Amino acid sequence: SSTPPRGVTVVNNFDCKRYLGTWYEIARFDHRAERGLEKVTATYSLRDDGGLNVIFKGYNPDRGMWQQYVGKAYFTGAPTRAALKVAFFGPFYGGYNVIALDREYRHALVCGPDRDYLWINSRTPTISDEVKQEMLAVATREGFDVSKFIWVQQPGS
């Protein structure tokens, strides 16, 4: 689970300090923990031990309650390789991998331990229909089924 899916391109010149702060979840492959969740964000802070603090937050409109999970992420290798180990609970599935990132660290394709786990994340709550198409193109190219994507309710969607 803490090895990446066979074949995928993990980002190999990663600078963790440019990745820190708030990411909005644009799309997800759905599972139990995230089902029905709106306004999903993830926040990242750098720890002294070289890991990341990860705070995941989502709103369930039906009951009107927030759901929050707090985990750590550790590089499995060199911190220049975006393959990480996370816990296995809630929206953490043991492995976390950045398989595409623009030069400005504004848009990221993240996958879990196998091809049932995929996320499109942005520094902004919405992305252009263009950035959408590029992201979806990389996903298909790496053997993910884009038809699984749930487009997440976010302010301006």
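Residue numbers here begin at 1 and follow the sequence given.
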Subject >> 41-49 set against 55-63, stretch whose average Cα temperature factor tops the other in the entry >> reply: 55-63
Original post:
Out of 143-151 and 17-25, which stretch has the higher average CA B-factor listed in the record?
Top reply: 143-151
Original post:
Based on what the PDB entry reports, which of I99, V131, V70, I120 has the top C-alpha B-factor?
Top reply: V131
Original post:
Where does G90 sit by CA temperature factor within its chain: lowest, middle or highest third?
Top reply: middle
